[PDB]
Every structure is written in C-alpha cells, then in structure tokens.
Amino acid sequence: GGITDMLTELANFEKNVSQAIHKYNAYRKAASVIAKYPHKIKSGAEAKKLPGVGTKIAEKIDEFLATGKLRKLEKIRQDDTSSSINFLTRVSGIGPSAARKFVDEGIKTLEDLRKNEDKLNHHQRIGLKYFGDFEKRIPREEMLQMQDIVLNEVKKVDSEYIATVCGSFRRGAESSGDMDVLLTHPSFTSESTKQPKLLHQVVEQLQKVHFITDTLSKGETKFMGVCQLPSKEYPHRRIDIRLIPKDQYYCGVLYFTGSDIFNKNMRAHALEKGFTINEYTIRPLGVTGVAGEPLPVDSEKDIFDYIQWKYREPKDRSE
DNA sequence: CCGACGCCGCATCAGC
DNA sequence: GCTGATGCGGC
DNA sequence: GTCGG
Ligand code: NA
Ligand code: NA
C-alpha cells in the first residue's frame with residue numbers, strides 16, 4: 001500500500017504540476033501492477049521484473065523501503081505551489097492549466113474559489129458547487145435505484161429507446177463512481193438520422209422529474225451532468241448519457257463496460273484471430289493488414305463470436 | 001538512440 | 001461571425 | 001518514466 005500510495009502521488013504530481021501526462025500514465029501503470037503483485041516487495045530489483053517498473057521507480061522503491069519515505073515526495077508535499085495546484089485540480093472542470101493559473105494569481109483554496117466565482121466557467125462552478133459530493137462513491141443499491149429511474153423515465157418518452165447502464169456497475173461491482181448510460185432508437189444509425197432531438201428529449205425529461213439537476217455540457221450525442229435521488233437529502237452524483245448509433249451500440253456497450261484490462265486482452269485477442277475492435281465497430285483485417293468494412297453486431301455475443309471467444313458475462317469482465 | 005505513449009465530444013478562446 | 005486549437009473529463 | 005523498434 002505504501003509503494004502504490006507513493007507511486008500514485010508521483011502520478012498526480014506529474015499530471016497536475018509537471019503536466020507530464022505520459023510520466024503520469026507510467027506511474028499509474030507501475031502502481032496498478034504493483035497493487036496486483038501477491039507478495040510484499042522486498043527490493044527495488046524485485047518489482048523491476050514487473051511490466052512498467054524500470055530503473056528509476058525501483059530506485060525509489062529501495063529508498064522508500066529503506067527509509068519509509070521518499071525525499072522527493074516530501075519536497076513536493078512542502079512547496080505550496082505544487083500542493084495548491086494539486087488540490088485545485090480536484091474541482092471538476094479545473095485541470096492542470098486552470099489550477100496553475102489560479103494559484104499564480106493567489107486562488108489557492110476552496111474559499112478563494114467561492115470569493116472568485118466570477119473567474120470560473122460553468123463546469124467549474126458546478127464542480128465547485130458539488131466538490132464534496134463528487135468525491136464520494138455511489139453504493140450499489142443506490143445505482144439500482146438510479147437505474148430504475150433512468151430506464152423507467154426514458155421508456156416513458158419513447159419505448160423504442162434502448163438504454164444500458166455500464167461501467168463497474170454492470171460488471172457487478174458494489175461501488176460506482178458515476179452513472180454511464182448508453183442510448184439508441186430506431187431512427188439513429190451511421191447511415192442516417194430521422195430524429196433531431198433524441199438525446200435532448202431524454203435530458204429535458206429527467207429534468208422534469210427533477211432527477212437531472214445540472215448540466216456540465218450537452219450536445220446531440222454526449223451529455224454530462226449532475227443527478228440525484230429524491231429525498232436525509234441524497235448526495236449529488238455525476239451522470240453521463242451517451243447517444244450512440246444502433247449499428248455501433250453493442251460495440252459501445254462492450255467497450256464502456258470494461259474493464260480496461262478486459263478490453264486490453266479482447267482487443268489483442270481479436271488481432272490474433274483476424275479482427276480489430278474499437279469502441280464503435282469490429283472490422284476484419286485483410287492478410288495485407290488493412291481493415292475491412294464493419295461487421296454487423298446485433299448483440300454483445302456477436303463480437304465474441306467473430307473472434308471465436310466463449311462469451312464472458314459482464315460480472316467476470318475483470319481480466 | 002529515440003519517438004510513442006488515446007482519442008473523442010463539448011466548451012471556450014485565439015486569431016483572423 | 002468563423003474556424004481551428006486547446007483544456008477538460010475519462011473510458 | 002518505461003518500453004520497443
Ligand atoms: Na520491467
Ligand atoms: Na478536475
């Protein structure tokens with residue numbers, strides 16, 4: 001736990017302060033595989049056999065193990081610029097660029113943000129408004145309640161809407177972090193249109209039953225906002241609603257359910273058997289390497305069929 | 001040694 | 001006003 | 001920062 005703590009700390013710092021995005025992904029992967037090793041690590045070199053752990057992280061692992069600290073992370077926990085940037089990026093809509101600029105002109109705390117509302121954009125004010133509620137997990141039976149509303153609410157506007165709640169939730173996790181719902185209708189396909197306001201008429205509707213309460217961003221395919229159960233008053237939760245063409249929905253569902261490691265191996269195994277998977281389509285590879293036209297997917301198993309894989313129910317789409 | 005490392009929708013801004 | 005670039009969240 | 005062509 002200590003090692004993966006430290007690694008993750010180095011990641012957030014490289015993302016938020018350094019803006020070294022790839023250094024951040026490297027610490028992240030380094031931390032994930034260590035978090036999965038089933039022994040207490042005893043030397044740097046030991047982890048060095050792992051994929052993503054190289055010469056510099058193992059030198060840090062040795063220092064941590066020898067001393068219980070990392071001098072570099074200490075210098076970073078001092079230095080008020082780094083910590084205030086890092087803190088401010090916890091506000092949704094406040095990224096490394098906004099955070100750095102804020103601290104440059106003295107905007108360092110949540111309260112500094114309150115006093116400077118006029119200096120925030122809309123997404124940032126909402127993120128600030130729900131700062132504490134957004135950092136708190138969503139337990140399963142709450143999602144189910146949240147599921148029961150979106151599915152039932154979107155059935156009312158048009159029973160030919162098809163909606164699926166994905167993420168950890170549908171893989172069966174007991175905790176969720178937000179609510180990812182995918183959405184389709186007979187009108188909308190990659191070849192055409194037939195209906196202008198499909199995703200609008202969902203959002204307008206869950207607004208009227210006062211479930212959706214704020215909008216971070218909205219257009220004709222992606223919505224981002226806040227939602228909440230009816231009344232203690234329930235905490236506000238993040239929700240995304242994604243409208244996807246029918247011919248790509250099930251590739252959408254397969255993708256947005258995960259995990260990232262299950263898509264990792266299914267995509268790589270698809271290549272073994274001659275197919276390439278993206279969040280949209282499964283397409284064949286000519287023996288020259290060029291992809292063909294998208295195959296048809298009517299259900300999730302169709303994708304599993306092409307690459308000749310036994311279907312893995314979302315519950316065990318972990319590895 | 002050295003470039004790759006994720007790619008996209010929406011909001012906002014720079015630059016005309 | 002237009003269009004293209006960038007910040008942002010996040011699977 | 002680690003990996004691989
Ligand atoms: Na290694
Ligand atoms: Na943020």
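Per the deposition metadata, X-ray crystallography was the technique used to determine this entry, at a resolution of 2.616 Å.

Chemist: Go over the environment of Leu113, please, and point to the residues and values.
Modeler: Examined against the element boundaries, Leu113 turns out to sit in helix α8 (residues 110–115). Residues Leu113 and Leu144, 31 residues apart in the sequence, show an inter-C-alpha distance of 34 Å. Setting aside its immediate chain neighbours within four residues, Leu113 contacts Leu88, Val91, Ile94, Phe102, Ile107, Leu120 and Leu128.

Chemist: Give a detailed account of helix α14 (residues 260–272), specifying residues and quantitative values.
Modeler: With 13 residues, α14 should reach 18 Å at 1.5 Å per residue; the first-to-last C-alpha distance of 18 Å fits that figure. Positioned one or two residues after α14, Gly274 has a phi angle of 100°, which is positive.

Chemist: Before we move on, could you go through the pattern of salt bridges and cite the residues and values that matter?
Modeler: Oppositely charged side chains can form a pair if their charged atoms are brought close together. Where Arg77 meets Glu9, a salt bridge forms, and the shortest distance between an N and an O atom there is 2.8 Å. Taken together, the residues span a long stretch of sequence, with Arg77 in helix α5 (residues 71–77) and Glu9 in helix α1 (residues 2–18) at a distance of 68 residues. Here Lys119 ties to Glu105 by a salt bridge, and the two come within 4.0 Å at their closest N and O atoms. Here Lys119, found in the loop between α8 and α9 (122–129), pairs with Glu105, found in the loop between α7 (96–104) and α8; they are 14 residues apart in sequence, far enough to count as distant. Where salt bridges share partners, they join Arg170, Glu300 and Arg317 into one cluster.

Chemist: Run through the pairing of strand β7 (residues 237–243), naming residues and quoting values.
Modeler: With five bridges joining them, strand β4 (residues 179–184) and β7 adopt parallel strand pairing. Considered in β7, the bridge of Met179 is made with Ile239. Here strand β6 (residues 222–227) pairs with β7 via six bridges, running antiparallel. Counted as the bridge partner of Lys222 is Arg242 from β7.

Chemist: Please provide a residue-by-residue account of the environment of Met224, values included.
Modeler: Tracing the backbone through its elements, the reader meets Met224 in strand β6. When the C-alpha positions of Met224 and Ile212 are compared, they lie 10.0 Å apart, and in sequence the two are twelve residues distant. When neighbours within four sequence positions are excluded, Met224 is seen to be in contact with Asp214, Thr215, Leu216, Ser217, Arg238, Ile239 and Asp240.

Chemist: How would you explain the sheet that holds β7 if you had to name every residue and give the values?
Modeler: Strand order in the open sheet formed by five strands is β2-β4-β7-β6-β5, with mixed pairing between adjacent strands. The open sheet has two edge strands with one neighbour each: β2 (162–166) and β5 (212–218). Ignoring strand direction, the axes of neighbouring strands in this sheet form an average angle of 25°. Relative to β5, helix α12 (residues 200–208) is tilted by about 150°, and along the sheet it contacts β4, β5, β6 and β7.

Chemist: Outline the UniProt feature "binding site: Mg(2+) 2" in chain A, listing residues and values.
Modeler: In the numbering used here, UniProt assigns the feature "binding site: Mg(2+) 2" to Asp178, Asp180 and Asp240. Mapping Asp180 onto the fold places it in strand β4. Apart from the residues lying within four places of it in its own chain, the contact partners of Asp180 are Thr164, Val165, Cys166, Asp240 and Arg242. In this fold, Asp240 is placed in strand β7. In contact with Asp240, other than residues within four places in its own chain, are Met179, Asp180, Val181, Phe223 and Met224.

Scoring rules and cut-offs
Residues numbered from 1 in each chain as written, not as in the entry; some residues may be left out. Chains lettered and ligands numbered in written order. Heavy atoms only, no water. Residues with missing side-chain atoms left out of burial classes, pairs and counts. Helix = DSSP H or I, 4+ residues; strand = E, 2+ residues; numbered from the N terminus. Contact = heavy atoms within 4.5 Å. Expected span 1.5 Å × (residues − 1). Salt bridge = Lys/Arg side-chain N within 4 Å of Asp/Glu carboxyl O. Pairing = 2+ DSSP bridges. Axes fitted to C-alpha atoms, helices over the stretch in contact; angles between N-to-C directions. UniProt positions renumbered as here; feature names shortened; annotations may be inferred.

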